[PDB]
Structures are given as C-alpha cells and as structure tokens.
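1. part one of the complex, untouched from its place in the assembly:
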Amino acid sequence: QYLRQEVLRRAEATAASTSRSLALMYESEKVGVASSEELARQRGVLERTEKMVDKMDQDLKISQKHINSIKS
C-alpha cells in the first residue's frame, strides 16, 4: 500500500495550492480597500481647493471695489 501515499501527496498538494491562492485573494482585498480609501480622501483635497479658488474670486471683486474708490 505504498501506491496510497502517492495519492495523498496529490491531494495535499492541491490543498496547499488553494490555501496560498485564498491568502493571495485576501491580501489583494486588504490592499485594494486601502487605496480606494486613499483615492477617496484625495478627492476631498481637490474639493477644498475648489473652495479656495472660489474664495479668491470674491477677494478679486472686493479688490475691484477698492480700485473704484481710489479712482474717485
């Protein structure tokens, strides 16, 4: 019954390969959420920047108003 142990190794082989495969999947998941979360965070930095650009517009309308005062 040494022909048996030739079939155990084949089963143990595929059981180890599929562990590894599973692990790789879990790992890819963990990393993929983290980058998507960072992606989303950066989206907020660019919104803050729109805020800042929009407030410079108004500063330039106040500015235009002072130039009107001086030119009087």
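-> Nice, I can see it. Residues are numbered from 1 along each chain as shown, chains lettered A, B, ... in the order given.

2. rest of the way, CA atoms for contacts and neighbours
-> Will do.

3. what ranges do the strands span in chain A?
-> Counting by DSSP state E, chain A has no strands at all.

4. how many neighbours does residue A:47 have?
-> When neighbours are defined as other C-alpha atoms under 10 Å, residue A:47 has 11 of them.

5. count of residues packed around residue A:34?
-> For residue A:34, the tally of surrounding residues (other C-alpha under 10 Å) stands at 11.

6. which residue ranges of chain A form helices?
-> A:2-70 (DSSP state H).

7. gap between residue A:64 and residue A:50?
-> Using C-alpha to C-alpha, to the nearest Å, residue A:64 is found at 21 Å from residue A:50.

8. and for residue A:3?
-> To residue A:50, residue A:3 is 72 Å away according to C-alpha to C-alpha.

9. neighbour-wise, which of these two wins?
-> With neighbours defined as other C-alpha under 10 Å, residue A:3 and residue A:50 compare such that residue A:50 has more, 12 against 7.

10. distance of the more buried one relative to residue A:12?
-> Residue A:50 sits 58 Å away from residue A:12, going by C-alpha to C-alpha.

11. let's bring in chain B now:
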Amino acid sequence: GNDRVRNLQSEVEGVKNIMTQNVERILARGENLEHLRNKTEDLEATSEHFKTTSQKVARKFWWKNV
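-> This next block brings in chain B, placed alongside the chains you saw above:
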C-alpha cells in the same frame, strides 16, 4: 474539481482586466494632476505679483497724503 478551477481562473482574469484598466486610468489622472500643479505654480506667482503691486500702491498713497 476541474470545472471549479477554470471557473475561478476566468473570474481572476476578469478582475485582472479591470485592474489593468484602472492602472491605465490612474496614469492618466497622474498626467492631468501634473498639468494642474504647473498651472497652480503659475497661479501662485501671478498672485504674488498682485500682492507686491498693491503694497507699492498702499505706501505711495501713504506718502502722497501724509
């Protein structure tokens, strides 16, 4: 056993295909980002001159009337 493997594989191929695109898309984002840096670099310079020129006026008029 043998149908199960080829199913799993082709799904992985599916998810691979999307990631490959996302890498391409995010390289684009990178080049859109760069142009904004350069455009904002210029925005900061224009603004600094706007400041400078104001001070030169705010003190010229200090002088003229005091």
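
12. what is the burial count for residue B:43?
-> Residues near residue B:43, counting by other C-alpha atoms under 10 Å in any protein chain shown, number 13.

13. same question for the one 5 residues further on.
-> Counted with other C-alpha under 10 Å, the burial measure for residue B:48 works out to 12 neighbours.

14. state the distance from it to residue B:4.
-> Using C-alpha to C-alpha, residue B:48 is found at 65 Å from residue B:4.

15. check residue B:30 too.
-> The gap separating residue B:30 from residue B:4 is 39 Å, by C-alpha to C-alpha.

16. of these two, who's got more company?
-> Of the pair residue B:30 and residue B:4, residue B:30 is the one with more neighbours under other C-alpha under 10 Å, namely 11 against 8.

17. for the more buried one, helix, strand, or coil?
-> Of the three states, residue B:30 takes helix according to DSSP: H, G, I helix; E, B strand; the rest coil.

18. can you tell me how far it is from residue B:46?
-> Distance, residue B:30 to residue B:46, by C-alpha to C-alpha: 25 Å.

19. go on, residue A:61?
-> The gap separating residue A:61 from residue B:46 is 17 Å, by C-alpha to C-alpha.

20. add one more, call it chain C:
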Amino acid sequence: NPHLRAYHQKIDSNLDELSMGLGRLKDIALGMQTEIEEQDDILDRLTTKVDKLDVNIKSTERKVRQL
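-> Chain C now in position relative to the chains above:
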C-alpha cells in the same frame, strides 16, 4: 479514507471562500474605476477654475499698475 477526506474538505473550503472573495475583488475594482471617472470630472473643473483665476488676477493687477 480519513486523510483524503480531510484534504478534500480543506480544498472545498478554500475554493468556496476563494470564489466569494473574487466577487468581492471585482466590486472593489469597479469601485476604483468609478472614483477615477468622477475625479476626472472634478479635475477638468478645477483646471478651468484655476485658469479663469489666473487671468482675473492679472486683469486686476493691470488696474493696480496704472494708479
């Protein structure tokens, strides 16, 4: 067949989890591409806005260099 039975059960267990896992990765990826799509639309806007600002400061500044 005790060992054979145990190996086959870990293979089934790995393959069930791995399959669900793969569905989860797909939606993660499709999420990424959606976010980039949106952020793409935001950057075109910031760009227009920053370029519009660049001009309107220069325009103001030309009023200041006169007086």
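
21. once more for the neighbour count of residue A:47, now including chain C?
-> Residue A:47 sits with 15 neighbouring residues when counted by other C-alpha under 10 Å.

22. who's in contact with it?
-> By C-alpha atoms under 8 Å, 6 or more residues apart in numbering or on different chains, the contact set of residue A:47 is empty.

23. at 10 Å what do you get?
-> Listed by C-alpha atoms under 10 Å, 6 or more residues apart in numbering or on different chains, the contact set of residue A:47 reads A:53, C:39, C:42, C:43, C:46.

24. let's have those residues in TSV, adding neighbour count and secondary structure.
-> Formatted as TSV, those follow (neighbours: other C-alpha atoms under 10 Å in any protein chain shown; DSSP: H, G, I helix; E, B strand; the rest coil):
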residue	neighbour count	secondary structure
A:53	17	helix
C:39	20	helix
C:42	15	helix
C:43	19	helix
C:46	19	helix
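
25. contacts with chain B among these, please.
-> Counting by C-alpha under 10 Å from any C-alpha of the partner chain, A:53, C:39, C:43, C:46 from the contacts of residue A:47 sit close to chain B.

26. roughly how far apart are residue B:28 and residue B:55?
-> 41 Å.

27. just give the closest residue to residue B:29, not the sequence neighbours.
-> Using C-alpha to C-alpha, 6 or more residues apart in numbering or on different chains and skipping the chain neighbours, the partner closest in space to residue B:29 is residue C:40 (6.8 Å).
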